[PDB]
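So this one's protein.cif, mmCIF, C-alpha atoms; chains and numbers go by the auth columns:
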```cif
data_final
loop_
_atom_site.group_PDB
_atom_site.id
_atom_site.type_symbol
_atom_site.label_atom_id
_atom_site.label_comp_id
_atom_site.label_asym_id
_atom_site.label_seq_id
_atom_site.Cartn_x
_atom_site.Cartn_y
_atom_site.Cartn_z
_atom_site.B_iso_or_equiv
_atom_site.auth_seq_id
_atom_site.auth_asym_id
ATOM 1 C CA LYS A 1 57.098 11.963 -4.056 0.00 103 P
ATOM 2 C CA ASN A 2 54.342 9.861 -5.603 0.00 104 P
ATOM 3 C CA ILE A 3 54.234 9.855 -9.405 0.00 105 P
ATOM 4 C CA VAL A 4 51.086 7.811 -10.079 0.00 106 P
ATOM 5 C CA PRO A 5 48.855 10.039 -12.235 0.00 107 P
ATOM 6 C CA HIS A 6 45.396 10.895 -10.980 0.00 108 P
ATOM 7 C CA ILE A 7 42.759 8.652 -12.551 0.00 109 P
ATOM 8 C CA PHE A 8 38.996 8.999 -12.870 0.00 110 P
ATOM 9 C CA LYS A 9 36.093 8.296 -15.212 0.00 111 P
ATOM 10 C CA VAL A 10 34.327 10.542 -17.704 0.00 112 P
ATOM 11 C CA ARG A 11 31.256 10.449 -19.935 0.00 113 P
ATOM 12 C CA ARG A 12 31.190 12.089 -23.358 0.00 114 P
ATOM 13 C CA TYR A 13 28.283 12.904 -25.664 0.00 115 P
ATOM 14 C CA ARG A 14 28.538 13.489 -29.406 0.00 116 P
ATOM 15 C CA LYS A 15 26.206 14.221 -32.314 0.00 117 P
ATOM 16 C CA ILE A 16 27.066 12.859 -35.767 0.00 118 P
ATOM 17 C CA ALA A 17 25.353 13.669 -39.070 0.00 119 P
ATOM 18 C CA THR A 18 26.156 11.843 -42.304 0.00 120 P
ATOM 19 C CA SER A 19 24.637 11.152 -45.713 0.00 121 P
ATOM 20 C CA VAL A 20 25.130 8.694 -48.570 0.00 122 P
ATOM 21 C CA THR A 21 25.177 9.668 -52.264 0.00 123 P
ATOM 22 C CA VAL A 22 25.422 6.531 -54.404 0.00 124 P
ATOM 23 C CA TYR A 23 23.178 6.265 -57.459 0.00 125 P
ATOM 24 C CA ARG A 24 25.641 7.217 -60.210 0.00 126 P
ATOM 25 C CA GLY A 25 24.579 6.377 -63.739 0.00 127 P
ATOM 26 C CA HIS A 26 21.526 4.296 -62.907 0.00 128 P
ATOM 27 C CA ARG A 27 22.541 2.921 -59.494 0.00 129 P
ATOM 28 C CA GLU A 28 26.008 2.925 -57.923 0.00 130 P
ATOM 29 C CA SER A 29 27.554 1.991 -54.579 0.00 131 P
ATOM 30 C CA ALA A 30 29.646 4.273 -52.344 0.00 132 P
ATOM 31 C CA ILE A 31 29.854 6.910 -55.074 0.00 133 P
ATOM 32 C CA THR A 32 30.543 9.751 -52.624 0.00 134 P
ATOM 33 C CA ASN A 33 30.356 9.695 -48.832 0.00 135 P
ATOM 34 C CA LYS A 34 29.124 12.836 -47.106 0.00 136 P
ATOM 35 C CA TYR A 35 31.190 15.094 -44.857 0.00 137 P
ATOM 36 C CA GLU A 36 30.129 13.079 -41.769 0.00 138 P
ATOM 37 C CA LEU A 37 30.279 16.287 -39.746 0.00 139 P
ATOM 38 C CA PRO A 38 30.086 15.725 -35.969 0.00 140 P
ATOM 39 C CA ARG A 39 28.492 18.147 -33.537 0.00 141 P
ATOM 40 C CA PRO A 40 28.346 18.611 -29.760 0.00 142 P
ATOM 41 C CA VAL A 41 25.336 17.378 -27.806 0.00 143 P
ATOM 42 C CA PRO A 42 22.554 19.898 -27.005 0.00 144 P
ATOM 43 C CA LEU A 43 22.792 21.761 -23.707 0.00 145 P
ATOM 44 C CA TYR A 44 20.521 20.121 -21.116 0.00 146 P
ATOM 45 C CA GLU A 45 18.492 18.473 -23.870 0.00 147 P
ATOM 46 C CA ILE A 46 20.958 15.601 -24.126 0.00 148 P
ATOM 47 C CA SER A 47 21.034 15.767 -20.326 0.00 149 P
ATOM 48 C CA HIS A 48 17.265 15.295 -20.457 0.00 150 P
ATOM 49 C CA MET A 49 17.993 12.421 -22.829 0.00 151 P
ATOM 50 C CA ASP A 50 20.720 11.385 -20.387 0.00 152 P
ATOM 51 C CA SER A 51 18.113 11.712 -17.638 0.00 153 P
ATOM 52 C CA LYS B 1 69.801 -9.247 -20.364 0.00 103 Q
ATOM 53 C CA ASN B 2 69.518 -8.362 -24.040 0.00 104 Q
ATOM 54 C CA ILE B 3 67.135 -5.573 -25.040 0.00 105 Q
ATOM 55 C CA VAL B 4 67.559 -5.566 -28.833 0.00 106 Q
ATOM 56 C CA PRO B 5 64.041 -5.984 -30.254 0.00 107 Q
ATOM 57 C CA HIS B 6 63.414 -8.947 -32.508 0.00 108 Q
ATOM 58 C CA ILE B 7 63.496 -7.987 -36.179 0.00 109 Q
ATOM 59 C CA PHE B 8 62.241 -9.751 -39.289 0.00 110 Q
ATOM 60 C CA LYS B 9 60.579 -9.114 -42.649 0.00 111 Q
ATOM 61 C CA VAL B 10 56.952 -9.095 -43.756 0.00 112 Q
ATOM 62 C CA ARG B 11 54.978 -8.884 -46.995 0.00 113 Q
ATOM 63 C CA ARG B 12 51.618 -7.124 -47.174 0.00 114 Q
ATOM 64 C CA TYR B 13 48.890 -7.125 -49.819 0.00 115 Q
ATOM 65 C CA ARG B 14 46.144 -4.538 -50.245 0.00 116 Q
ATOM 66 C CA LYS B 15 43.320 -3.745 -52.665 0.00 117 Q
ATOM 67 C CA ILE B 16 42.371 -0.117 -53.314 0.00 118 Q
ATOM 68 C CA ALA B 17 39.344 1.167 -55.232 0.00 119 Q
ATOM 69 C CA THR B 18 38.931 4.839 -56.136 0.00 120 Q
ATOM 70 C CA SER B 19 36.922 6.975 -58.554 0.00 121 Q
ATOM 71 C CA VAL B 20 37.235 10.451 -60.061 0.00 122 Q
ATOM 72 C CA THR B 21 34.134 12.612 -60.625 0.00 123 Q
ATOM 73 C CA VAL B 22 35.171 15.857 -62.319 0.00 124 Q
ATOM 74 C CA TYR B 23 33.012 17.213 -65.139 0.00 125 Q
ATOM 75 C CA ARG B 24 31.148 19.953 -63.257 0.00 126 Q
ATOM 76 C CA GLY B 25 29.364 22.519 -65.382 0.00 127 Q
ATOM 77 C CA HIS B 26 30.755 21.474 -68.747 0.00 128 Q
ATOM 78 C CA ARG B 27 34.121 20.037 -67.669 0.00 129 Q
ATOM 79 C CA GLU B 28 35.871 20.444 -64.312 0.00 130 Q
ATOM 80 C CA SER B 29 38.972 19.071 -62.593 0.00 131 Q
ATOM 81 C CA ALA B 30 39.158 17.345 -59.194 0.00 132 Q
ATOM 82 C CA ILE B 31 35.522 18.176 -58.456 0.00 133 Q
ATOM 83 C CA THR B 32 35.126 15.274 -56.013 0.00 134 Q
ATOM 84 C CA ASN B 33 37.389 12.342 -55.152 0.00 135 Q
ATOM 85 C CA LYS B 34 35.851 9.012 -54.192 0.00 136 Q
ATOM 86 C CA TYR B 35 36.126 7.260 -50.836 0.00 137 Q
ATOM 87 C CA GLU B 36 39.317 5.463 -51.974 0.00 138 Q
ATOM 88 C CA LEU B 37 38.490 2.349 -49.978 0.00 139 Q
ATOM 89 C CA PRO B 38 41.453 0.041 -49.255 0.00 140 Q
ATOM 90 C CA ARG B 39 40.502 -3.633 -48.958 0.00 141 Q
ATOM 91 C CA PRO B 40 42.262 -6.952 -48.294 0.00 142 Q
ATOM 92 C CA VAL B 41 42.956 -9.609 -50.929 0.00 143 Q
ATOM 93 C CA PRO B 42 41.124 -12.919 -51.472 0.00 144 Q
ATOM 94 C CA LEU B 43 44.131 -15.036 -50.397 0.00 145 Q
ATOM 95 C CA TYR B 44 43.575 -17.935 -52.809 0.00 146 Q
ATOM 96 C CA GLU B 45 43.618 -15.823 -55.971 0.00 147 Q
ATOM 97 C CA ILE B 46 46.113 -13.580 -54.172 0.00 148 Q
ATOM 98 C CA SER B 47 48.328 -16.612 -53.556 0.00 149 Q
ATOM 99 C CA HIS B 48 47.993 -17.397 -57.256 0.00 150 Q
ATOM 100 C CA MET B 49 48.767 -13.725 -57.845 0.00 151 Q
ATOM 101 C CA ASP B 50 51.618 -14.094 -55.353 0.00 152 Q
ATOM 102 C CA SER B 51 52.701 -17.304 -57.087 0.00 153 Q
ATOM 103 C CA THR B 52 52.596 -15.477 -60.416 0.00 154 Q
ATOM 104 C CA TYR B 53 54.037 -12.294 -58.843 0.00 155 Q
ATOM 105 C CA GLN B 54 53.522 -10.778 -62.302 0.00 156 Q
ATOM 106 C CA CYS B 55 49.782 -11.425 -62.785 0.00 157 Q
ATOM 107 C CA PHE B 56 47.261 -10.314 -60.151 0.00 158 Q
ATOM 108 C CA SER B 57 43.517 -10.421 -60.765 0.00 159 Q
ATOM 109 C CA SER B 58 41.866 -7.038 -61.275 0.00 160 Q
ATOM 110 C CA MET B 59 38.265 -5.787 -61.079 0.00 161 Q
ATOM 111 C CA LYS B 60 37.573 -6.550 -57.431 0.00 162 Q
ATOM 112 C CA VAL B 61 33.888 -7.286 -56.803 0.00 163 Q
ATOM 113 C CA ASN B 62 33.364 -6.633 -53.098 0.00 164 Q
ATOM 114 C CA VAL B 63 31.409 -4.323 -50.780 0.00 165 Q
ATOM 115 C CA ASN B 64 29.626 -4.578 -47.441 0.00 166 Q
ATOM 116 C CA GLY B 65 26.318 -3.589 -49.035 0.00 167 Q
ATOM 117 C CA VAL B 66 26.632 -5.694 -52.182 0.00 168 Q
ATOM 118 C CA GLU B 67 29.687 -7.068 -53.984 0.00 169 Q
ATOM 119 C CA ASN B 68 30.036 -4.827 -57.047 0.00 170 Q
ATOM 120 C CA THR B 69 32.873 -4.788 -59.564 0.00 171 Q
ATOM 121 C CA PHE B 70 34.884 -1.555 -59.625 0.00 172 Q
ATOM 122 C CA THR B 71 37.474 -1.275 -62.393 0.00 173 Q
ATOM 123 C CA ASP B 72 38.180 0.143 -65.858 0.00 174 Q
ATOM 124 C CA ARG B 73 35.714 -2.419 -67.275 0.00 175 Q
ATOM 125 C CA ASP B 74 37.776 -5.564 -66.628 0.00 176 Q
ATOM 126 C CA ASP B 75 36.887 -8.998 -65.235 0.00 177 Q
ATOM 127 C CA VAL B 76 37.214 -10.313 -61.696 0.00 178 Q
ATOM 128 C CA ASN B 77 39.493 -13.270 -62.473 0.00 179 Q
ATOM 129 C CA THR B 78 41.571 -11.741 -65.280 0.00 180 Q
ATOM 130 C CA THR B 79 45.004 -10.569 -64.189 0.00 181 Q
ATOM 131 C CA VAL B 80 47.347 -7.680 -64.923 0.00 182 Q
ATOM 132 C CA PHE B 81 51.123 -7.517 -64.642 0.00 183 Q
ATOM 133 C CA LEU B 82 52.307 -6.033 -61.355 0.00 184 Q
ATOM 134 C CA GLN B 83 54.692 -3.129 -61.835 0.00 185 Q
ATOM 135 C CA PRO B 84 57.872 -3.259 -59.727 0.00 186 Q
ATOM 136 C CA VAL B 85 58.313 0.460 -59.095 0.00 187 Q
ATOM 137 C CA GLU B 86 61.272 2.342 -57.666 0.00 188 Q
ATOM 138 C CA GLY B 87 61.181 4.615 -54.635 0.00 189 Q
ATOM 139 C CA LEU B 88 63.244 6.566 -52.134 0.00 190 Q
ATOM 140 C CA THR B 89 63.443 3.939 -49.399 0.00 191 Q
ATOM 141 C CA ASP B 90 65.877 1.083 -48.767 0.00 192 Q
ATOM 142 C CA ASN B 91 63.107 -1.067 -47.241 0.00 193 Q
ATOM 143 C CA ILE B 92 60.592 -1.490 -50.081 0.00 194 Q
ATOM 144 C CA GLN B 93 60.339 -2.747 -53.645 0.00 195 Q
ATOM 145 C CA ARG B 94 56.744 -1.640 -54.126 0.00 196 Q
ATOM 146 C CA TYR B 95 54.596 -3.675 -56.521 0.00 197 Q
ATOM 147 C CA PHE B 96 51.684 -1.975 -58.267 0.00 198 Q
ATOM 148 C CA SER B 97 48.670 -2.948 -60.327 0.00 199 Q
ATOM 149 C CA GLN B 98 47.202 -0.023 -62.270 0.00 200 Q
ATOM 150 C CA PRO B 99 49.861 2.476 -61.116 0.00 201 Q
ATOM 151 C CA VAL B 100 48.099 5.394 -62.843 0.00 202 Q
ATOM 152 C CA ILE B 101 45.181 7.602 -61.836 0.00 203 Q
ATOM 153 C CA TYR B 102 41.717 6.689 -63.113 0.00 204 Q
ATOM 154 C CA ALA B 103 40.658 7.529 -66.661 0.00 205 Q
ATOM 155 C CA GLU B 104 39.119 10.895 -65.685 0.00 206 Q
ATOM 156 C CA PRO B 105 37.649 11.741 -69.115 0.00 207 Q
ATOM 157 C CA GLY B 106 36.717 15.284 -68.100 0.00 208 Q
ATOM 158 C CA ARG B 107 34.298 15.409 -71.034 0.00 209 Q
ATOM 159 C CA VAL B 108 31.305 17.728 -71.445 0.00 210 Q
ATOM 160 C CA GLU B 109 28.990 16.306 -68.774 0.00 211 Q
ATOM 161 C CA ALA B 110 26.343 18.029 -66.676 0.00 212 Q
ATOM 162 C CA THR B 111 27.301 16.652 -63.254 0.00 213 Q
ATOM 163 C CA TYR B 112 30.694 14.892 -63.317 0.00 214 Q
ATOM 164 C CA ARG B 113 32.619 11.927 -64.687 0.00 215 Q
ATOM 165 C CA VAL B 114 32.400 8.443 -63.169 0.00 216 Q
ATOM 166 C CA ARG B 115 35.796 7.000 -64.104 0.00 217 Q
ATOM 167 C CA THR B 116 37.318 4.648 -61.537 0.00 218 Q
ATOM 168 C CA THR B 117 40.316 2.367 -61.042 0.00 219 Q
ATOM 169 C CA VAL B 118 41.536 -0.260 -58.597 0.00 220 Q
ATOM 170 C CA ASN B 119 45.060 -1.154 -57.500 0.00 221 Q
ATOM 171 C CA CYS B 120 46.695 -4.294 -56.138 0.00 222 Q
ATOM 172 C CA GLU B 121 49.500 -3.210 -53.801 0.00 223 Q
ATOM 173 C CA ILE B 122 52.236 -5.638 -52.746 0.00 224 Q
ATOM 174 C CA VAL B 123 54.780 -4.297 -50.268 0.00 225 Q
ATOM 175 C CA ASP B 124 57.769 -5.639 -48.350 0.00 226 Q
ATOM 176 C CA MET B 125 58.516 -4.145 -44.938 0.00 227 Q
ATOM 177 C CA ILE B 126 60.418 -4.737 -41.703 0.00 228 Q
ATOM 178 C CA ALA B 127 58.756 -5.704 -38.426 0.00 229 Q
ATOM 179 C CA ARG B 128 59.973 -5.195 -34.858 0.00 230 Q
ATOM 180 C CA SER B 129 58.789 -7.097 -31.785 0.00 231 Q
ATOM 181 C CA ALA B 130 59.480 -6.840 -28.068 0.00 232 Q
ATOM 182 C CA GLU B 131 61.030 -9.471 -25.806 0.00 233 Q
ATOM 183 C CA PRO B 132 57.735 -11.205 -24.829 0.00 234 Q
ATOM 184 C CA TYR B 133 57.052 -11.549 -28.581 0.00 235 Q
ATOM 185 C CA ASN B 134 53.263 -11.553 -28.151 0.00 236 Q
ATOM 186 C CA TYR B 135 52.696 -8.580 -30.485 0.00 237 Q
ATOM 187 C CA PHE B 136 54.721 -6.396 -32.815 0.00 238 Q
ATOM 188 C CA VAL B 137 54.699 -3.468 -35.241 0.00 239 Q
ATOM 189 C CA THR B 138 55.899 -2.904 -38.796 0.00 240 Q
ATOM 190 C CA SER B 139 58.109 -0.271 -40.377 0.00 241 Q
ATOM 191 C CA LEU B 140 55.054 0.945 -42.304 0.00 242 Q
ATOM 192 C CA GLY B 141 53.498 1.865 -38.943 0.00 243 Q
ATOM 193 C CA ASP B 142 50.672 -0.680 -38.915 0.00 244 Q
ATOM 194 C CA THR B 143 50.140 -2.395 -35.562 0.00 245 Q
ATOM 195 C CA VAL B 144 49.006 -5.958 -34.851 0.00 246 Q
ATOM 196 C CA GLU B 145 48.394 -7.820 -31.581 0.00 247 Q
ATOM 197 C CA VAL B 146 49.520 -11.325 -32.604 0.00 248 Q
ATOM 198 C CA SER B 147 52.672 -13.227 -31.701 0.00 249 Q
ATOM 199 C CA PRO B 148 55.245 -13.456 -34.521 0.00 250 Q
ATOM 200 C CA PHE B 149 56.048 -16.948 -33.218 0.00 251 Q
ATOM 201 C CA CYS B 150 53.053 -19.204 -33.871 0.00 252 Q
ATOM 202 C CA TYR B 151 52.339 -22.577 -35.504 0.00 253 Q
ATOM 203 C CA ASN B 152 56.107 -23.237 -35.477 0.00 254 Q
ATOM 204 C CA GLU B 153 56.651 -25.682 -32.606 0.00 255 Q
ATOM 205 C CA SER B 154 54.216 -23.309 -30.897 0.00 256 Q
ATOM 206 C CA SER B 155 50.501 -22.715 -30.458 0.00 257 Q
ATOM 207 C CA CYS B 156 48.085 -19.890 -31.371 0.00 258 Q
ATOM 208 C CA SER B 157 47.995 -20.508 -35.132 0.00 259 Q
ATOM 209 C CA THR B 158 46.807 -23.098 -37.641 0.00 260 Q
ATOM 210 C CA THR B 159 45.686 -23.484 -41.243 0.00 261 Q
ATOM 211 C CA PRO B 160 41.996 -22.582 -40.626 0.00 262 Q
ATOM 212 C CA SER B 161 41.610 -18.824 -40.225 0.00 263 Q
ATOM 213 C CA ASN B 162 39.485 -17.921 -37.198 0.00 264 Q
ATOM 214 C CA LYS B 163 39.995 -15.138 -34.648 0.00 265 Q
ATOM 215 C CA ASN B 164 38.286 -12.080 -33.178 0.00 266 Q
ATOM 216 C CA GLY B 165 38.196 -9.843 -36.237 0.00 267 Q
ATOM 217 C CA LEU B 166 41.385 -11.584 -37.370 0.00 268 Q
ATOM 218 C CA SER B 167 42.486 -14.558 -39.451 0.00 269 Q
ATOM 219 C CA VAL B 168 45.202 -17.113 -38.705 0.00 270 Q
ATOM 220 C CA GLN B 169 46.216 -19.047 -41.822 0.00 271 Q
ATOM 221 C CA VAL B 170 49.262 -21.284 -42.198 0.00 272 Q
ATOM 222 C CA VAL B 171 50.257 -22.727 -45.575 0.00 273 Q
ATOM 223 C CA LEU B 172 52.794 -25.536 -45.824 0.00 274 Q
ATOM 224 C CA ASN B 173 55.300 -25.492 -48.691 0.00 275 Q
ATOM 225 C CA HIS B 174 53.757 -22.251 -49.918 0.00 276 Q
ATOM 226 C CA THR B 175 56.756 -21.439 -52.154 0.00 277 Q
ATOM 227 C CA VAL B 176 56.196 -17.721 -52.623 0.00 278 Q
ATOM 228 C CA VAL B 177 57.633 -16.493 -55.922 0.00 279 Q
ATOM 229 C CA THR B 178 60.056 -14.454 -53.770 0.00 280 Q
ATOM 230 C CA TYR B 179 60.720 -12.032 -56.643 0.00 281 Q
ATOM 231 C CA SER B 180 57.851 -10.188 -58.323 0.00 282 Q
ATOM 232 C CA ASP B 181 60.173 -8.178 -60.578 0.00 283 Q
ATOM 233 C CA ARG B 182 61.993 -11.291 -61.863 0.00 284 Q
ATOM 234 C CA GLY B 183 60.280 -14.585 -60.997 0.00 285 Q
ATOM 235 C CA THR B 184 62.431 -17.051 -59.055 0.00 286 Q
ATOM 236 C CA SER B 185 62.332 -20.735 -58.061 0.00 287 Q
ATOM 237 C CA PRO B 186 62.785 -20.813 -54.271 0.00 288 Q
ATOM 238 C CA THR B 187 62.174 -23.476 -51.641 0.00 289 Q
ATOM 239 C CA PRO B 188 58.599 -24.512 -50.713 0.00 290 Q
ATOM 240 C CA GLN B 189 58.670 -23.171 -47.165 0.00 291 Q
ATOM 241 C CA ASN B 190 55.877 -22.629 -44.666 0.00 292 Q
ATOM 242 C CA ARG B 191 54.199 -19.266 -44.201 0.00 293 Q
ATOM 243 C CA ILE B 192 51.512 -17.593 -42.093 0.00 294 Q
ATOM 244 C CA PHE B 193 48.976 -15.039 -43.345 0.00 295 Q
ATOM 245 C CA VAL B 194 46.549 -12.738 -41.533 0.00 296 Q
ATOM 246 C CA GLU B 195 43.705 -10.843 -43.213 0.00 297 Q
ATOM 247 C CA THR B 196 43.059 -7.474 -41.583 0.00 298 Q
ATOM 248 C CA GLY B 197 40.065 -5.189 -42.012 0.00 299 Q
ATOM 249 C CA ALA B 198 41.866 -3.429 -44.864 0.00 300 Q
ATOM 250 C CA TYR B 199 44.879 -5.544 -45.928 0.00 301 Q
ATOM 251 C CA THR B 200 46.767 -8.816 -45.436 0.00 302 Q
ATOM 252 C CA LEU B 201 50.075 -9.453 -43.667 0.00 303 Q
ATOM 253 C CA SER B 202 52.313 -12.429 -44.417 0.00 304 Q
ATOM 254 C CA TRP B 203 55.516 -13.768 -42.891 0.00 305 Q
ATOM 255 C CA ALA B 204 57.484 -16.949 -42.294 0.00 306 Q
#
```

Could you write out this structure as structure tokens?
Amino acid sequence: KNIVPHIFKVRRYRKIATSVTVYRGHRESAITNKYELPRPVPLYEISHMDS
Amino acid sequence: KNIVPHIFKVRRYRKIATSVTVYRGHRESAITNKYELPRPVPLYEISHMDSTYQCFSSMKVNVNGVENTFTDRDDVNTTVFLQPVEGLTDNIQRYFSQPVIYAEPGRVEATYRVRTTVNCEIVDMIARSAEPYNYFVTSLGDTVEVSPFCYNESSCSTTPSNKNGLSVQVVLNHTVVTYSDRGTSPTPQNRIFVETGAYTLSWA
């Protein structure tokens, strides 16, 4: 009874949105990073981009 | 054929910078915590800090965008006494710089406060390696893909640090203070250091 797991390839698409908020006082660095919320790719629009 | 994994000890150094911004409305609490970026140590000054083991430089000035000092208004090369703290673990005598949360004034401000602090962290841990001894892991959970045996009648390490996203440094007669809590006078032995993306590992 073979036990080698089935293997294959896959392609994944992701959408990431992020912001930067660093100007505290006069000007600061890395004061507060945004939520960096990721989102799924658009249906058939990313496919058009994939096309 | 023996299967007991090779065991040894390791010492790690880290630099952490964090800020507290809580004065929302008039005065708020825990409005927004900073990124709390952990960073490696500058080796040379760190070695001097390691040699002192009771005086590590504060006010780290370092960032990918532009090196900026983050501290409680201190200087880059001035040192503070590391605090040997207790803990519930028989594998660590943790060593702290600035072991307290940032100032957090919480005064009457429109947006928030801007108080910030850094922290030099010196830790001792235990590392386990497999039979081939080409890579190993630490008790703290951090993983590294380098051979524990290197530059000791063996290849793959030298004094100049150069590797793919990694550093390979060997120091002869380094003579680590070997006791941060109570400075000692040990032998000047060799040692090897690696600077990671966020910290620095060290072992004999």

Once the PyMOL selection byres ((chain P and resi 114) around 10) has been evaluated on this model, what residues remain selected, and can you format them as number ranges by chain?
P: 112-113, 115-116, 142-143

Protein, DNA and RNA residues within 12 Å of (39.4, -4.8, -45.9), only C-alpha atoms, as a PyMOL selection string
chain Q and resi 115-119+138-144+162+164-166+267-268+296-303

Write a file of the selected residues as a PDB file, in the frame of the given file, keeping C-alpha atoms.
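What ended up in result.pdb:
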```pdb
ATOM      1  CA  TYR Q 115      48.890  -7.125 -49.819  1.00  0.00           C
ATOM      2  CA  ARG Q 116      46.144  -4.538 -50.245  1.00  0.00           C
ATOM      3  CA  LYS Q 117      43.320  -3.745 -52.665  1.00  0.00           C
ATOM      4  CA  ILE Q 118      42.371  -0.117 -53.314  1.00  0.00           C
ATOM      5  CA  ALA Q 119      39.344   1.167 -55.232  1.00  0.00           C
ATOM      6  CA  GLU Q 138      39.317   5.463 -51.974  1.00  0.00           C
ATOM      7  CA  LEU Q 139      38.490   2.349 -49.978  1.00  0.00           C
ATOM      8  CA  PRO Q 140      41.453   0.041 -49.255  1.00  0.00           C
ATOM      9  CA  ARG Q 141      40.502  -3.633 -48.958  1.00  0.00           C
ATOM     10  CA  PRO Q 142      42.262  -6.952 -48.294  1.00  0.00           C
ATOM     11  CA  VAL Q 143      42.956  -9.609 -50.929  1.00  0.00           C
ATOM     12  CA  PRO Q 144      41.124 -12.919 -51.472  1.00  0.00           C
ATOM     13  CA  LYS Q 162      37.573  -6.550 -57.431  1.00  0.00           C
ATOM     14  CA  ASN Q 164      33.364  -6.633 -53.098  1.00  0.00           C
ATOM     15  CA  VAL Q 165      31.409  -4.323 -50.780  1.00  0.00           C
ATOM     16  CA  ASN Q 166      29.626  -4.578 -47.441  1.00  0.00           C
ATOM     17  CA  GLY Q 267      38.196  -9.843 -36.237  1.00  0.00           C
ATOM     18  CA  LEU Q 268      41.385 -11.584 -37.370  1.00  0.00           C
ATOM     19  CA  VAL Q 296      46.549 -12.738 -41.533  1.00  0.00           C
ATOM     20  CA  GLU Q 297      43.705 -10.843 -43.213  1.00  0.00           C
ATOM     21  CA  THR Q 298      43.059  -7.474 -41.583  1.00  0.00           C
ATOM     22  CA  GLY Q 299      40.065  -5.189 -42.012  1.00  0.00           C
ATOM     23  CA  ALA Q 300      41.866  -3.429 -44.864  1.00  0.00           C
ATOM     24  CA  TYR Q 301      44.879  -5.544 -45.928  1.00  0.00           C
ATOM     25  CA  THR Q 302      46.767  -8.816 -45.436  1.00  0.00           C
ATOM     26  CA  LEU Q 303      50.075  -9.453 -43.667  1.00  0.00           C
TER      27      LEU Q 303
END
```

Quick one: which residues from chain Q are at most 9 Å off chain P, using only C-alpha atoms, as a list in words?
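The complete set of qualifying residues is residues 121, 134, 135, 136, 137, 165, 167, 168, 170 and 216 of chain Q.
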
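Taking atom CA of residue Q:198 as the reference point, atom CA of residue Q:228 is found at 18.9 Å.
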
d(atom CA of residue Q:132, atom CA of residue P:140) in Å
25.0 Å

Evaluate the PyMOL selection byres ((chain Q and resi 173-181) around 8) and record the selected residues as a ChimeraX atom specification, following the chain and residue labels used in the document.
/Q:119,157-163,171-172,182-183,204-205,217-220

Using atom CA of residue Q:146 and atom CA of residue Q:281 as the two end points, give the distance in Å to one decimal.
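For atom CA of residue Q:146 relative to atom CA of residue Q:281, the distance reads 18.5 Å.
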
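Counting all atoms listed in the file and comparing Q:258, Q:227, Q:151, Q:210, the residue that lies closest to residue Q:243 is Q:227.
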
Pick from Q:282, Q:271, Q:213, Q:241, whichever lies nearest to residue Q:305 using all atoms listed in the file
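Of Q:282, Q:271, Q:213, Q:241, the one nearest residue Q:305, counting all atoms listed in the file, is Q:271.
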